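Q: need coordinates for the below:
(chains A, B, C, D, E, F, G and H)
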Amino acid sequence: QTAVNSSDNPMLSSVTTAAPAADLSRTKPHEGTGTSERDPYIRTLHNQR
Amino acid sequence: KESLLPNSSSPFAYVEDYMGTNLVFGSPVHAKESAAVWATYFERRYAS
Amino acid sequence: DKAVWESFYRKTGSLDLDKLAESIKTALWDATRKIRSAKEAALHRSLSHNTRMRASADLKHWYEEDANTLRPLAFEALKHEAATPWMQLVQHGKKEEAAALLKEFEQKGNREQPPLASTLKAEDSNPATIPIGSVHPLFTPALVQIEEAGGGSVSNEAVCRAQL
Amino acid sequence: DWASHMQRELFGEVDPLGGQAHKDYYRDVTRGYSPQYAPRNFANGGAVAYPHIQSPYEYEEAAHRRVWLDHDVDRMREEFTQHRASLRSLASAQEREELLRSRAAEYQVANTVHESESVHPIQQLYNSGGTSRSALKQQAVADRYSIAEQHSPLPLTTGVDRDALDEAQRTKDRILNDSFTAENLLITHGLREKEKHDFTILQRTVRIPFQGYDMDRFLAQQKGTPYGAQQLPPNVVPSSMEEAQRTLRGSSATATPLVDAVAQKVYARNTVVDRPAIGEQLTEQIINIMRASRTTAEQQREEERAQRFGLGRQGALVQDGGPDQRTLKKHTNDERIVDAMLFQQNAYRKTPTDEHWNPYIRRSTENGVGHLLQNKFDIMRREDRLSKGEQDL
Amino acid sequence: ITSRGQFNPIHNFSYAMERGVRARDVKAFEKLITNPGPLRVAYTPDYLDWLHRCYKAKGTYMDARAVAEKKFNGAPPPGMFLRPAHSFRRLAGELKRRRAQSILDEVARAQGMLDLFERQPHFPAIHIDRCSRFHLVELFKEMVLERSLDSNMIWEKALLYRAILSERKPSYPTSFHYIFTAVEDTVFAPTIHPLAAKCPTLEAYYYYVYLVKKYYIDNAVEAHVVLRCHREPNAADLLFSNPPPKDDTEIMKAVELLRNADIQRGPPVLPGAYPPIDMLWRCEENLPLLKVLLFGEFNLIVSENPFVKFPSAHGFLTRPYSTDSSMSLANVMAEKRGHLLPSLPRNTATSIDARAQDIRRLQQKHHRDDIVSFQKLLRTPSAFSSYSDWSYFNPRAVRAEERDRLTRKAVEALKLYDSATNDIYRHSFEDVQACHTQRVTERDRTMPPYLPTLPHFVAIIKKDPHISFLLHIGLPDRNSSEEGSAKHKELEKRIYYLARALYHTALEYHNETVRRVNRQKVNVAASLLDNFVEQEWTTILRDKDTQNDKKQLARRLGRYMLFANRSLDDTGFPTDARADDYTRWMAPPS
Amino acid sequence: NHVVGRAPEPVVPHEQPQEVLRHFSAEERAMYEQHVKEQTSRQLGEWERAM
Amino acid sequence: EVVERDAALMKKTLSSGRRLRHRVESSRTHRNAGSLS
Amino acid sequence: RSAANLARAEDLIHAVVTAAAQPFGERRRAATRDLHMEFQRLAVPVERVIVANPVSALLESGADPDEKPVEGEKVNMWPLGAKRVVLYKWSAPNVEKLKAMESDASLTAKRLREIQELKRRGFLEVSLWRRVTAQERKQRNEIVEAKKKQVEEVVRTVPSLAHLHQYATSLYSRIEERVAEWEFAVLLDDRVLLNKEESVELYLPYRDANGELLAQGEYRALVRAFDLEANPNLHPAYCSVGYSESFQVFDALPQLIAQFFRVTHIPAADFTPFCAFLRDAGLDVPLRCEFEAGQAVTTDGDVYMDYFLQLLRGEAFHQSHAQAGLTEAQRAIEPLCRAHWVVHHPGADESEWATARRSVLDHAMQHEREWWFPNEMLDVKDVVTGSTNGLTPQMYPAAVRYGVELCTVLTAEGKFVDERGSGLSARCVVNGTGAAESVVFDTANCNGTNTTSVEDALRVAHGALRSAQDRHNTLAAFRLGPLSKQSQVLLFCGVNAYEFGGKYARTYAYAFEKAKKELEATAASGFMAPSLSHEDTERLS
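A: Numbers count the residues shown, from 1 in each chain, chains lettered A, B, ... in the order given. Take a look at the structure below.
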């Protein structure tokens, strides 16, 4: 739970506010649209047994 | 009631062109009007 | 097996008529279920064995036809069953045997069997036989013109004309 | 007791509010411009308590259910005539109240009041501050149509016409196609990737959260479950009545289908207009406006689209260096880029599975799982295991 | 189609103008408007202005259309051409236009009639000078009689009207004078007797005079309010007025002077019973009184809001304001919670009482301003509209339903008229020539055989083996027993809800905001239905072997797949996409 | 001390905020209530029977 | 040309002027009816 | 040319089928006359049937309210737009119970309700039957025979129709409900509730509705009597009947017009005394009719006579009580229900339809409502342009699917009773799948002995099922009929829109044959289809 929104810190000066996530969208199994914890920017949990 | 339109159940009796024309099985009025519309058309066509 | 089952419903007792109605209704449900099952099984074999449809990747193909959509339709039964042998013959698109039967008609002028087992025999199961008009029911009016006048087979002449 | 009062009003052929404006009763289109109870709730605060229609199809549907229930409202009316004549025949108050009592029992008038059942204290607060049982039974007003709704068949047909349904499918197709285009473009300029990387950048600052010494307890307390851990909702400053009512009525007003919108506007304008007309010339007027409306809006959409994706061309057609001349700006959408992108996806592609001779591209689950389902059996299985909350094999 | 503050035609102008009759002068038009048959409809200057202008315009229209059709021996939309006459399609379209326009006119007119007998301000006076017993009795039994729940109320209405009239005589316009013929003509019953059963007593009338004088009654409206509130236990309370009512001394004094000065020409208790209602309409002797009553309803109705004069009665006549209060919250909540749950911890109890007081404050504070701003926003089709929203109170105001049925018929006629446009007129020929360049291809260019439709889903949710069984065999038979009909009704009701949810999700699927909310409607629906199915399934299997019977045939169907966890997309079919993505699409709003 | 013999507070599957519920139709809202009522009734009754 | 015509038609919807209305006199006991004179 | 041939086909088929239908109608009416004759021997008669003049409710200034003394003696003639009062005598037990319970009747809600229910128990059906001259009958016989000859010649010319005849007959002998001078004019009242007074005001209209104007001459009123206790389900042959003596009918308007004006216009003085004059002769002019007639006016203020006459002659301001008991909805769907009910009662007279109209439409509007109601997806607004305007080639397959599913879901009911003499009967409710939603046996009808084998009951349920499924097939036919036919026009004459029409037709056929051939390969290959890449084939050719 973090906003990708533009920050005023000196080191955060590279950060550009993000467009909202693509609505009906089919991701690659290792990613996500970064909305929530249930759906991260990078998926760590394996899908195997 | 009284109108000019054939008395039938089948929709197939009301079938015509898209230009609203019937050169077959149309009434005499329908016949003349249609042939004259078409004549108008091909006239302007071969004229130009 | 009346020998066994008669006394279940009583009879000297008086008839249940609750039990009887229930078992009738249930039985019919079993039959219907069997029919729909059969139709779907047909579809399933079809889809599993077809490569060109497997080419476009669609789950939808499996759900876009089911016991509701497929044929035979139940609410259409009447017009197909109540028909005369002649009528049934022309419905399913065999014009040959229909014309034949009509010439033989003019010149001379609880049962167990589905009424349609007379007209439709094991030879009209072969997909090779089925006339082009009948194949895709939805479009039957429009595909009937490509057909031959008296034949079931496609007339090249009519088609070559239309194209020409 | 109140129920007999309501029935008493459903019996009379006169409007129970007498057509008068009451700040607490919204006369709703969806309900057939009928006087529904819509108080402002200050527990929520600033909010009128009442359904807000979010789509035109809900409107169409409600209208259709009225048209459907016509027959029943009519039998109800010929029943009501009988009733109130039988009321005229009664000379005393107590016997009249007996009649209204038993009949309000019979038409289930009491069942039309929908009370919140939540045993939870906070939900109780939301509802019962402004809107309560003591209040709802007191303020309730029944139209004939809400009564007929209870004894009647359920329509399996929504009022959506053939052609309206065509319009639906095309609206949906258009919008979706435009959103996928948009997203694929966000992927092309690479703003997605920059978004991910920037997330990585932001991570540098954050701590690991304190989850508590007893973690069950902490999690639970955070959610407000344990005993005496319940927190009240932050108190919201109520918004001006004009704003609340603009919200509520703006909702329904947005949803109104073309025909009704144009028609209402046309008659109500026809009263005060410079050169009014009745009969056919009125009708004609309507149609043309309607027939213009479509074209108008339709045209507009395209322009908007061409501004969004930068469609059309940059300069004049005949420029010295060819027609093709174009300029691309860093992160701007341009037709060239849209059709290039699309070209990239499928060029000579005959079918979606074209590359599936390659076993590793074959089983990639990216696009979906749909191409790896072959026989019915596996699809039943997949259905089964998705319903059991397990993973899909 | 009608809105607040809108004029409708009550006259048929078309029938005469098709015959060739027309007017030019204002006087000709005034000769056109007036009704020979007994009734007399007065008008505002405004409505007459509008009606005249409309008339003139109809003149221009029928003229330019008759002239147009004489020159060719309406005008096509910009890209269209006129099909030949005596072509099936054109005759079809023109028949449709004819019928639809007819219906539209019938609707505009009937809605006008509704306006007229609703006593809308642009129809100020309905005069009865020309009527005879037949007309008066019909008028009564259509307008007054049929609507009234209380028979005794009618007599009271008549008498109050008679007292209002007899007292307010100076300020009336000249056009009213005739009615006084009836007022003094009123027949009364001998003071305690052949008229005992036929006519009411004078004493009652004088009670009503007392009401008129003490309360200053100027209207049919204030008369309605007063007549509804006077017989109740709170009377002095309810009818207490903004200008304070006079003291009974002076009033009973002027009533003694009136009564006595009326004897020489030839705290009062609410009166006794009255003769059975039928008498009023079916006896000659009461014909004057009856007349008064009608003149009572169709006139004497003025705009002004009666609740400025009687602010105490606004809660009784129409519903009270919700913001106006006529124990502590924590105790109500503890009572709805019951004794089976722990009593509220007293932190939370305290905090909740705090909220109750704060909200109380908000209500008291916003009470007046909300009223003010609401009327102010209504004065400003537009988002705020109605059949009747007006600031003023109308006791004759029409039911919303009667107007709405008209409006619906009207929109039907409107779509019907717009339908004919493509039968009458056609596209350019070579344009449809180029339209047949691209054929309709079964696979792509055609719309898919599954659209969103209610019976599509209702067939999908009925297609499930468990639901099919539960429907046909499983539940006890619907016709046989009561439990049967009950169960059946509810199961179909829940299936229906779930279907509706799926459907409304399917239409709006393209936009996020809406789909999430719809999807929650779904979740609720599915939860309901699943609970029902599970419950009744358990019932079937537990209830009290023999081959192929109920319980065996149930057990053969396996485990029941919940519709809750079912993942169903746009088309009502299980999704193509991976479970995570679907889970994300249908994730609740925030 | 307070909580010993009492029931656990009902947990209604798919319980909604007032923010979503504002978009429910009168009929649909009636349905929602139906759901809640039946869930709560069932659970508290289950507690009674168990205890 | 067609779209131009329809636009020109939706310019004719906003071009509406208001015919002067005519107010009557408000009395307590009735509604005053004036006629064309 | 093909289109015209098709239309011609439908017209001919319609003729032949109807022709095959009539004799069933004859046998049915005969059997009904028979069973009615059996029942009416044993039961309670309606003895006095008397038409009289209406009696004024209004009292003179000296008279007292209580008497109701005058019923009127009799009436020799009934005007067309005028009300008459019919008096009957029905001694049926519920009527007695009502006279006693009412004459005992200061009022309670209870007894009011009791009286309402007792009223709902019995009811009377009042119709108008017209005599016929020998001339009219000979002209009818002549027309019927002309039609029969036309049908016989068309049957002889085109053989397949002579076959379709036998098809039709055998179909009717299946579908039909098995049952085991004067000619009808108008239905005045469908349902008359029971009175103590035994009298009803009836308004005769100007038009019996098929839309026609009414004849003149001899009419007598026919009264049928239905007590729901002895006859639930309202079988037409079980009822009590009585006839009024002959009276005559005509339209009184031209005589009274000629009498008053001694006629295009009326001056406006005379209008109100003219309507008064009319009400005095017995005619019925409502107040609304007067008003709106009055509201259409000449430059002189004149009421057009033809306008007023048109309003007096039509359904707007007044209706027969039979038509005032039916909803706008019922009146709007009535032609469909007619057609259907006519299929299941093959060759019925408008007499029968008059009797069963009420029950049929009511049962329809309750249980059947989904089938009959106008369905914006399924329905056809216009037969002429239906194929063009409302139905797109795009929306066609979706439309058809819609029809399918809606019929699949919906429900039909059917009934059967044992012909073998035990009163065993069954009712069945059935899905679009031919599945059974409900089956119920009714033991109320039959004798108390109830000696029946499981076999008989099985046959009973069988017949019940059969009828039910059939009812569903007919219902389906009507719901899905119009759009299917206009579909047929679209597809047949609009081929040149689709891929299988015109220049591409030849492609379609090609594909088609390939498919057959291809399928055979898959049959030979073990149902593992050959390579899409065609790497399997032996030759490059």
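
Q: from here on, just use CA atoms for contacts and neighbour counts.
A: Fine.

Q: how about the residue positioned nearest the centre of chain H, nearest residue that isn't a chain neighbour?
A: In chain H, the residue lying closest to the centroid (Cα atoms, centre = their mean) is residue H:338, at 3.6 Å. Counting by Cα to Cα, 6 or more residues apart in numbering or on different chains, residue H:338 lies nearest to residue H:353, which is 7.7 Å off, once chain neighbours are set aside.

Q: tell me how many other residues crowd the one you found.
A: 16 (other Cα atoms under 10 Å in any protein chain shown).

Q: would it count as being in a strand?
A: No - remark: residue H:353 does not belong to a strand; assigned using DSSP: H, G, I helix; E, B strand; the rest coil, it is helix.

Q: name the nearest residue to residue E:563, ignoring sequence neighbours.
A: residue E:526 (5.5 Å).

Q: C-terminal to the helix or strand hosting residue D:305, what's the next element?
A: Using DSSP states H and E, residue D:305 falls within helix D:280-308. Next in sequence after helix D:280-308, counting helices and strands by DSSP H and E, comes helix D:335-345.

Q: what helices and strands are in contact with that following helix?
A: With contacts defined as 3 or more Cα pairs under 8 Å, 6 or more residues apart in numbering or on different chains; DSSP states H and E, helix D:335-345 has these neighbours: helix D:162-188.

Q: quick check, distance from the helix it packs on to the centre of its chain.
A: 18 Å (Cα atoms, centre = their mean, to the nearest Å).

Q: look up phi and psi at the most centrally placed residue in chain C.
A: Residue closest to the average C-alpha location in chain C (Cα atoms, centre = their mean): residue C:72, at 4.4 Å. Dihedral pair for residue C:72: phi -70, psi 140, per degrees, to the nearest 10.

Q: neighbours around the residue in chain G that chain B sits nearest to, how many?
A: Per Cα to the nearest Cα, residue G:2 is where chain G lies closest to chain B, at 20.4 Å. Residue G:2 has 13 neighbouring residues, counting by other Cα under 10 Å.

Q: what of residue E:35?
A: 23.

Q: before we move on, what about the one 3 residues further on?
A: The number of residues packed near residue E:38 is 18, by other Cα under 10 Å.

Q: returning to that earlier point: the helix holding residue D:305: how far from the chain's middle?
A: Going by Cα atoms, centre = their mean, where helix D:280-308 is centred and where its chain is centred differ by 24 Å.

Q: check stretch D:216-230 too.
A: The answer for stretch D:216-230 is 34 Å, by Cα atoms, centre = their mean.

Q: measure that stretch end to end?
A: 16 Å (Cα to Cα, to the nearest Å).

Q: near chain E, anything from stretch D:230-245?
A: Yes - judged by Cα under 8 Å from any Cα of the partner chain, stretch D:230-245 and chain E are in contact via D:230, D:231, D:232, D:240, D:241, D:242.

Q: relative to residue E:61, which of these is nearest.
A: Of all these, residue E:61 sits closest to residue D:242, with 43.0 Å by Cα to Cα.

Q: where does that closest one land in three-state SS?
A: On the three-state scheme (three-state DSSP), residue D:242 is labelled helix.

Q: that one: neighbouring residues, count only.
A: Other residues near residue D:242 number 15, with proximity taken as other Cα under 10 Å.

Q: so it makes contact with residue E:374?
A: Yes - between residue D:242 and residue E:374 there is a contact at 6.7 Å, judged by Cα atoms under 8 Å.

Q: what's near enough to touch residue 1?
A: Using chain A. Residue A:1 makes contacts with A:36, A:37, as judged by Cα atoms under 8 Å, 6 or more residues apart in numbering or on different chains.

Q: look at chain H instead
A: By Cα under 8 Å, 6+ apart, residue H:1 lies in contact with B:24, B:25.

Q: burial count for the residue of chain F found nearest chain A?
A: Proximity of chain F to chain A (Cα to the nearest Cα) peaks at residue F:14, 17.9 Å away. Number of residues near residue F:14 (other Cα under 10 Å) recorded here: 17.

Q: helix, strand or coil for the residue nearest to residue E:563?
A: Classification of residue E:526 into helix, strand or coil gives helix, according to three-state DSSP.

Q: distance-wise, check the residue nearest to the centre of chain H relative to residue H:348.
A: In terms of Cα to Cα, residue H:338 sits 10 Å off from residue H:348.

Q: sorry, back to before: so which bits of the helix holding residue D:305 are buried?
A: Using 16 or more other Cα atoms under 10 Å in any protein chain shown as the test for burial, helix D:280-308 gives D:280, D:281, D:282, D:283, D:284, D:286, D:287, D:289, D:290, D:292, D:293, D:296.

Q: how near is the closest residue in space to the second one that isn't next to it in sequence to residue H:476?
A: The shortest distance from residue D:281 to any non-neighbouring residue, by Cα to Cα, 6+ apart, is to residue E:61 (7.2 Å). Look at residue E:61 and residue H:476: by Cα to Cα, they are 48 Å apart.

Q: and those two? which has more neighbours close in?
A: residue H:476 (23 against 16).

Q: residues of chain A that sit close to chain F?
A: By the rule Cα under 8 Å from any Cα, no part of chain A lies against chain F.

Q: ok, now which ones touch whatever residue of chain A ends up closest to chain F?
A: In chain A, the residue that lies nearest chain F is residue A:38 (17.9 Å; Cα to the nearest Cα). Residues in contact with residue A:38 (Cα under 8 Å, 6+ apart): none are found.

Q: that one: what secondary structure?
A: coil.

Q: what about residue H:208, how many neighbours?
A: With other Cα under 10 Å as criterion, residue H:208 counts 16.

Q: is stretch D:21-29 anywhere near chain F?
A: No - using Cα under 8 Å from any Cα, stretch D:21-29 stays clear of chain F, coming no nearer than 12.0 Å.

Q: does that stretch reach chain E?
A: Yes - Stretch D:21-29 lies within reach of chain E by Cα under 8 Å from any Cα, at D:21, D:23, D:24, D:27.

Q: next step: the residues you listed restricted to strands.
A: Among the residues of stretch D:21-29 next to chain E, the members falling in strands (DSSP state E) are residue D:27.

Q: which other helices and strands does the stretch of helix or strand residue H:358 belongs to contact?
A: Per DSSP H and E, residue H:358 falls inside helix H:350-367. Secondary-structure packing of helix H:350-367 (3+ Cα pairs under 8 Å, 6+ apart): strand H:182-193, helix H:328-344.

Q: all good on my end, thank you.
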